[PDB]
Structure formats: structure tokens, C-alpha cells
Enquirer: 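This structure is in C-alpha cells; I'll ask about it shortly.
Whatever order the structure lists ligands and atoms in, that order sets their numbers, starting from 1. No hydrogens, no waters, no symmetry mates; every other heavy atom, side chains included, goes into these values. Numbered from 1 within each chain, the chains take letters A, B, ... in sequence-line order.
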Protein chains: 2
Amino acid sequence: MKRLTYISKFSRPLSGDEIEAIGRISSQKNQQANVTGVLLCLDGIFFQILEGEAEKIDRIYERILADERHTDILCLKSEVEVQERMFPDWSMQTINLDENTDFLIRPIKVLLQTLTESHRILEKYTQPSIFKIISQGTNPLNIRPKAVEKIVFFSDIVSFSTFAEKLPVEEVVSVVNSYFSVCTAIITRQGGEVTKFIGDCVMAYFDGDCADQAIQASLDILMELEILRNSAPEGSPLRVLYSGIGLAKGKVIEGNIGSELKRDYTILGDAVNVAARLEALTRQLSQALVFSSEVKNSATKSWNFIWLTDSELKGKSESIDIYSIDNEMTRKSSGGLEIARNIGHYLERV
Amino acid sequence: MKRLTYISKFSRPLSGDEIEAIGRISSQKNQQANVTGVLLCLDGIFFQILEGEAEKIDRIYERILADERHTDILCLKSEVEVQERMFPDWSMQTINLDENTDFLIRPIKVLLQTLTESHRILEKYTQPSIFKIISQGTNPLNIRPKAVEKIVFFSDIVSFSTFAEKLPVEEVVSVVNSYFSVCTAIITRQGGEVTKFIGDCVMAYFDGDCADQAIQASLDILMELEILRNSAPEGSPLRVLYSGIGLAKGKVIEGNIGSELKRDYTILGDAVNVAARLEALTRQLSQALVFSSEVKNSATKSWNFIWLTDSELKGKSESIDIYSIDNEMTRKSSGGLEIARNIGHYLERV
Ligand SMILES: Cc1cc2nc3c(=O)[nH]c(=O)nc-3n(C[C@H](O)[C@H](O)[C@H](O)CO)c2cc1N(C)C
Ligand SMILES: Cc1cc2nc3c(=O)[nH]c(=O)nc-3n(C[C@H](O)[C@H](O)[C@H](O)CO)c2cc1N(C)C
């Protein structure tokens with residue numbers, strides 16, 4: 001079978017009566033499906049273990065995930081090869097530790113709480129792909145390195161040094177984090193993975209056969225930033241936030257790369273270098289979005305490709321043909337590269 | 001008072017009798033010091049909460065940290081402003097959950113275990129500075145951004161593309177991770193912080209008044225790699241592993257930078273760019289280690305500085321004077337940059 005173990009946070013307060021009530025209705029709809037498990041709660045935190053049929057389990061959990069009485073739902077463990085059940089006795093036993101006064105459950109309550117808020121902290125510092133992998137039923141640390149084709153995405157803020165020059169530290173961080181949120185949301189919805197931030201640069205990747213998603217995610221980012229600029233308060237740093245984006249494609253190594261005590265599940269390869277180099281040429285080329293020939297040809301949609309240049313770098317000494325896409329949004333975003341050359345004054349007066 | 005909460009792993013097996021025995025001797029030496037708390041164990045994992053006087057607490061914990069009957073000791077929480085005690089009743093009560101059969105502690109045992117291995121996984125993906133900050137009694141997520149002077153360290157592998165060209169993926173990752181371990185150990189012991197890996201590049205920083213530690217950590221790395229090369233098996237990829245290092249100094253922003261769901265506690269500033277640019281010139285300059293004028297002058301030891309060049313980049317259009325240090329190790333390491341231009345053949349035959 002499949003055994004899922006998750007934790008979540010109360011969206012708003014709940015009383016034992018509502019908790020127990022969710023317990024009962026849980027047990028019933030569970031008995032119907034031969035699903036077994038436990039539900040605990042401790043100071044506004046839910047713990048649950050559910051076991052049963054794969055298709056059954058995922059369907060319950062899809063409903064648990066869209067239920068608005070809890071949030072920050074995180075799968076701690078997914079076992080997909082289960083043959084045994086740990087909670088044969090309960091369709092959905094519920095244990096409210098808040099009310100518990102028992103002598104040994106007490107020291108155990110404060111451990112749980114401390115373990116949990118700690119885990120919550122680490123979650124915030126943890127790459128998204130790690131929890132994906134965990135929810136797909138694998139331990140990230142056990143994945144062997146592998147060669148894979150990827151589209152690599154690289155982006156940064158135009159004239160970011162002017163920002164950090166002129167703005168108080170809290171505004172600078174605020175601006176960068178806004179940027180990073182915009183990119184991460186759109187890249188994730190489009191099926192990609194944001195893998196690293198460095199300075200004000202985003203690095204991400206999509207599966208090798210997803211050039212169209214890479215390009216679209218990028219056009220969407222340009223669009224989102226345009227909404228954000230024209231929507232921002234008067235004098236806002238935000239009104240002159242502009243990005244350059246660079247796309248490349250290549251075979252890369254995917255896996256656990258790092259020192260002994262600290263690793264990233266990430267990629268490593270020539271395409272990472274190429275995408276970064278491409279993004280850096282967006283100033284010279286006056287194109288907010290630049291990508292390689294291979295990204296272009298690997299694309300299968302009717303994009304309005306424009307040949308930009310024949311350019312050198314690296315490497316093997318061969319010139320690489322560089323492309324963008326011509327439409328209202330890239331034109332506006334490309335014009336924004338010029339604007340961004342001279343925002344020091346504007347920024348000065350925030 | 002101060003309340004410390006940590007978890008650790010059994011270095012080797014222990015029986016309840018040894019566990020309880022550590023409990024008793026714990027309770028006694030604790031009663032002596034007005035220290036209170038709890039010790040739990042669950043399948044080869046120790047949980048402990050200790051409360052008492054700051055100087056008392058740190059002294060016990062210094063002894064706990066160097067005790068070889070457990071490992072992977074991680075402080076989950078440090079409270080330094082405590083006025084109340086949660087475990088007034090026990091100098092060191094011990095609760096072995098392994099033996100427990102109680103009806104509700106049972107579902108609680110499997111939660112603890114799952115929460116814990118999960119937390120263990122995330123630890124591996126988590127920056128070192130986060131646990132430092134936690135052990136110093138602060139929640140990393142609550143630290144406001146701040147301007148600070150830093151020496152930024154940047155390093156990478158010479159001709160790394162030849163490696164990823166010629167070597168199987170497992171060897172490539174093995175080689176990079178070896179590199180990253182060597183740098184991280186030495187940078188950490190010398191008081192610095194490795195903050196990010198990107199491709200095969202390390203980025204780190206030291207406090208602004210620690211140029212001497214920055215330089216020494218770097219010389220030590222060159223030395224460590226030399227030991228590693230000349231110590232490696234015949235034909236090993238390792239025997240042609242070489243690094244270039246770049247040091248810069250400047251005022252930077254330190255803080256939580258990232259999207260909503262994923263952040264790094266890191267730095268951001270011109271000095272980060274400058275150090276990277278400096279490291280890239282190590283090929284041109286034929287100097288394994290290059291650093292800026294400011295790093296030099298901020299240094300207070302009798303280093304054997306050699307002026308390298310007057311170089312341009314960035315930025316503000318001003319030429320920056322670039323330095324290295326002249327001794328047997330930098331000379332050997334600088335000669336290694338030439339060697340590394342032509343290791344494709346050697347690597348081919350591994
Ligand atoms: C902690 C918690 C546990 C839940 N467990 C279950 C569950 O085990 N089975 C189930 O069908 N539905 C559940 N639910 C919610 C149910 O999916 C929905 O109430 C109904 O099944 C939708 O018809 C749970 C909800 C919870 N809330 C408080 C966040
Ligand atoms: C789980 C565990 C808890 C410990 N707790 C304590 C403790 O609470 N107080 C203390 O003085 N010493 C301890 N110790 C170890 C002691 O520091 C040393 O045995 C002596 O104090 C050194 O004289 C603990 C050791 C442990 N091992 C099994 C990893």
C-alpha cells in the first residue's frame with residue numbers, strides 16, 4: 001500500500017470539539033475506504049499518518065490539500081511500497097495532545113513542539129525540489145548523479161548596483177525578494193525548478209523537452225514585472241525594476257553537489273555557464289530576453305523568433321547564434337534596459 | 001536562565017541499562033548544579049532539554065559535545081532569557097521510548113521518528129550559518145538586513161569543463177564534492193562562512209577585520225589540495241585538481257534573501273562581484289590566488305605581497321590594483337594553472 005505522513009498548521013483557531021469532529025467524520029469516510037491512521041494536534045499544529053490504496057490515498061490527500069482549515073501542508077514522508085499497516089486498529093484515531101495531562105506525554109509535548117518549529121524554520125531555507133522529491137516517495141540524499149538534458153534559465157535585475165547604492169538595506173532586500181518571488185512563482189507553475197539564487201541572479205531549469213514552457217515562463221515574468229512596475233506607489237523603487245533573461249540548453253549533471261555537511265540537489269554543466277553568459281549580453285544586445293539557437297529549434301510553438309547576432313564566448317571557439325522573440329512585451333522590456341541605465345537620480349529620492 | 005534543547009545520534013549501540021546509567025549519573029551531577037531537564041531516546045536517537053545557569057549550561061554542553069557515545073549533535077533551540085523552568089521536578093529524568101508500550105505513546109513514537117529523520121534530511125541541505133545562529137539563541141528568520149564590512153572569498157576548479165567532459169557523472173560529482181569539502185572545512189576553522197556553491201564555484205565570507213584569516217584560509221586550501229593531489233591513486237582525477245581563489249573586501253548587505261517559500265541567509269554586494277571577477281583573472285594573471293588592494297592593506301600580518309597588475313572592470317571605471325602572495329605554495333599552485341590547460345588526455349584515460 002501507500003503510507004503518507006504529513007504535518008500542517010491551523011489556518012485559524014480550532015477547538016477540541018471541531019478537532020474531534022473532524023476526527024469522527026474522518027474515521028467514517030475512512031472506514032468506507034479501508035483507510036487507517038492517526039491524527040494528532042498540538043498547539044495549532046496537525047500531524048497525520050494515512051495508510052491504504054495508492055489511488056485512494058492520493059484522492060483523500062488531494063482533498064486534504066485543498067481544505068482551508070489548515071495551511072502550510074507538508075508531506076514529511078511518502079511510502080509507496082507498503083505491505084504492512086502500522087495502524088490496523090484505527091480508521092482514523094485522533095489524539096489531541098493539547099488536552100493531555102499524562103505525566104510522560106508532557107515532556108513529549110514540548111519536544112514535539114520544539115522539533116516542529118525547528119523543522120518549520122529549516123523548511124524556509126530548503127530548496128523546493130527537496131520536498132517534491134520527498135512527496136514522490138524518495139529520500140533526496142539517496143539519488144545518484146545522472147546526465148540529463150535541461151533548459152537552463154538565468155535572470156537578474158538591470159542596474160542592481162544602483163539599487164544597493166541608493167536605497168536603505170531594507171528597501172534593497174525588499175526589492176530583491178520581490179523580484180525573486182515573481183520569478184519563482186511563475187517558473188514553478190510552468191513546470192520548472194528554481195535551483196539557486198546568487199546575488200540578484202536567479203538560476204532555474206526545465207526538462208529538456210520543455211523549451212516552450214521555458215520561453216513562456218520568461219515572457220510571463222516580463223509581464224508580471226510590467227504589472228508590478230506600473231502598479232507600484234509613486235516614487236517606489238519597484239517602478240524601475242527590470243530583468244534580463246537568458247536561456248540555454250544542454251546535457252548537464254543533476255544531483256547532490258556539495259561539501260560533507262551541506263549540499264544542494266542541483267545541476268552542473270556547460271549549459272549553466274552558457275545561460276549566464278547569454279543573460280549578461282542582454283545589455284549589449286538591447287534584448288530583455290536572449291536564448292540560444294538550440295532553445296529556439298527545440299521549441300515547437302509558433303514563437304516570433306528574431307535572430308539577434310552571431311556571438312562568441314567560452315570555450316570551444318565556435319560562434320553561437322543568439323535569438324529573442326519579437327512582441328509588444330519584449331519590446332517594452334527591452335526598452336526598459338535603456339531606462340535602467342539612469343535610475344540613480346530617481347532612486348536617490350525614495 | 002538558559003534552556004538548551006538538542007538531539008543526537010548513538011555513535012554505536014546502547015542498551016537501556018547504559019541509557020538509564022547515563023541518566024542516573026546525569027541526574028546526580030545535575031542536582032549538584034541546580035540543573036533540571038529531560039532525556040529521551042527512541043531508536044538510536046537522543047533528545048535532551050537542559051535548564052539552568054548560562055555558564056553552567058554551556059559547560060555541561062561543552063562536555064556533552066565532546067562525549068563520543070553520540071554524534072551529529074544538533075542544537076534545536078537555545079533560550080538565553082529564561083526566567084521560568086519547565087522541568088523543576090527532575091534534575092535529569094530519562095524516558096526510554098523504545099521500551100514504552102503505552103497505547104498513546106505508540107503513535108507518538110512513530111511521529112517523532114518520522115519528524116526526526118525528516119529533520120535530519122533537511123539538515124544536510126541547510127547552510128551552516130543557520131545552525132550557528134540558532135545555537136546562539138536567535139531565530140534566523142527574524143534577523144533584519146544590515147550593512148556590514150566583509151572579506152568575500154570566491155574559488156573554483158581550474159579547467160572544470162574538461163572534467164565534466166571526460167569523466168563519468170559519478171566521478172565528476174565525486175571530484176567536485178571533494179573540492180567543496182576541502183574548502184568548507186578550512187574556511188570554517190578559520191572563522192569564515194561558506195555561503196553558496198554555484199557550479200563548481202565556492203563563495204564565502206569572513207568578518208571585515210579578518211583579512212589575515214581570509215588569506216590564511218586560502219593558503220591552507222592551496223596546501224590541502226597539494227596534499228590531496230600528490231596523495232591520490234595513480235590515474236586519479238584528483239591528481240590534477242587545481243583551484244583559483246579571489247579575495248575582495250567591501251560593505252555588503254547581510255540577511256534573508258529569497259522568494260517567499262525559500263531563502264538563504266547570505267550576503268549581497270559589490271564585493272561579491274569584485275571577488276568573482278578577481279578569481280576569474282587568475283588564469284590571465286597566472287596566479288592561483290589574487291586579491292584586491294583593500295584586502296592587502298587591511299591585512300596586518302607580514303605577508304609576502306606581490307603587486308600583480310593594474311586592472312579594469314565593473315563599474316565605476318577606476319582601475320583596481322591586484323595582489324597575490326609570493327611563496328613556495330602559491331608558486332606551485334600558480335604553475336598548476338598551466339598544467340590544468342592540458343589535462344584532457346590524462347582525464348580521458350581514467
Ligand atoms: C487534520 C485533518 C485531517 C483530515 N483527514 C482526513 C482523512 O483522513 N480522510 C478524509 O477523507 N478527509 C480528511 N480531511 C478533510 C476531508 O477531506 C474533507 O472534510 C472531506 O473528505 C471532503 O468531502 C481532513 C481534514 C483535516 N483538516 C482539519 C485540515
Ligand atoms: C544523552 C546524553 C546526555 C547527557 N547529559 C548530561 C547532563 O545532563 N549533564 C552532564 O553533566 N553530563 C551529561 N552527559 C555526559 C557527561 O558530560 C559526562 O559523562 C561527564 O559529565 C563528564 O565528567 C550526557 C551524555 C549523553 N551521552 C549518552 C551522549
Enquirer: Any donor-acceptor pair under 3.5 Å linking the side-chain atoms of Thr116(B) with those of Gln113(B)?
Expert: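 The answer is no; no qualifying pair exists.
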Enquirer: Report, in ascending order of atom number, the atoms of ligand 1 lying under 4.0 Å from any heavy atom of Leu39(A).
Expert: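 Those of ligand 1 that fall under 4.0 Å from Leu39(A) are 1 (C).
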Enquirer: Counting non-hydrogen protein atoms only, what is the nearest one to atom 14 (N) of ligand 2? Give residue, atom name and distance.
Expert: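 Going atom by atom, the protein heavy atom closest to atom 14 (N) of ligand 2 ends up being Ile64(B) CG1, 4.0 Å.
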Enquirer: For atom 18 (C) of ligand 2, which of the options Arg69(B), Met92(B), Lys29(B), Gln28(B) provides the nearest non-hydrogen atom?
Expert: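 Nearest heavy atom to atom 18 (C) of ligand 2 lies in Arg69(B).
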Enquirer: Among protein heavy atoms, which sits nearest to atom 26 (C) of ligand 2, and what does the distance come to when rounded to 0.1 Å?
Expert: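 Result: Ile22(B) CG2, 3.8 Å.
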Enquirer: Do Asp220(A) and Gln190(A) have side-chain N/O donor and acceptor atoms under 3.5 Å apart?
Expert: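 Judged by distance alone, the side chains do pair up.
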Enquirer: Does only the side chain of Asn30(B) get under 4.0 Å from ligand 2, or the backbone, or both, or neither? Count heavy atoms.
Expert: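 Answer for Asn30(B): side chain.
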Enquirer: In ligand 1, which numbered atoms sit nearer than 4.0 Å to a non-hydrogen atom of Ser26(A)?
Expert: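 Heavy-atom distances to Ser26(A) below 4.0 Å select 4 (C), 5 (N), 6 (C), 7 (C), 8 (O), 9 (N), 13 (C).
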Enquirer: For ligand 1, indicate whether the residue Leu50(A) contacts it via side chain, backbone, both or neither (heavy-atom separation under 4.0 Å).
Expert: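 Only the side chain of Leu50(A) comes within reach of ligand 1.
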Enquirer: So for ligand 1, is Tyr6(A) a polar contact partner (N or O within less than 3.5 Å, distance only)?
Expert: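 In this structure, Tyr6(A) places no N or O atom under 3.5 Å from an N or O of ligand 1.
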Enquirer: Ring centroids only, cut at 6.0 angstrom: are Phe10(B) and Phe46(B) within range, meaning strictly under it?
Expert: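 Aromatic pair counts; centres sit under 6.0 Å.
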Enquirer: Classify the side-chain pair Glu68(B)/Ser11(B) by whether it contains a donor and acceptor separated by less than 3.5 Å.
Expert: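 There is no such pair between these side chains.
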Enquirer: Near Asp67(A), which atoms of ligand 1 are under 4.0 Å from a heavy atom of that residue?
Expert: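 Those of ligand 1 that fall under 4.0 Å from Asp67(A) are 15 (C), 25 (C).
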Enquirer: Look at atom 11 (O) of ligand 2 and find which of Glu68(B), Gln48(B), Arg59(B), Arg63(B) reaches it with the closest heavy atom.
Expert: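 Nearest option to atom 11 (O) of ligand 2, by heavy atoms: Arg63(B).
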Enquirer: Step through it carefully: locate the ring centre of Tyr265(B), locate the ring centre of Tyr125(A), and say whether they are under 6.0 Å apart.
Expert: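 No, too far apart.
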Enquirer: Can you list the ligand 2 atoms lying under 4.0 Å from a non-hydrogen atom of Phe46(B)?
Expert: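 Matching atoms, with element in brackets: 1 (C), 28 (C).
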Enquirer: Are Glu123(B) and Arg120(B) close enough for a salt bridge, meaning some N to O gap below 4.0 Å?
Expert: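 Here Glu123(B) pairs with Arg120(B) in a salt bridge, since their nearest N and O are under 4.0 Å apart.
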Enquirer: Does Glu20(B) come within less than 4.0 Å of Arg24(B), counting only side-chain N to carboxylate O?
Expert: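 The answer is yes: the pair qualifies as a salt bridge.
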Enquirer: Would you mind running through ligand 2 and noting each atom that sits below 4.0 Å from a heavy atom of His70(B)?
Expert: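 The list of qualifying atoms is 29 (C).
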Enquirer: Tell me whether the rings of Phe197(B) and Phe180(B) are parallel (<30°), tilted (30 to 60°) or perpendicular (>60°).
Expert: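 Parallel: the ring planes of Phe197(B) and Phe180(B) meet at under 30°.
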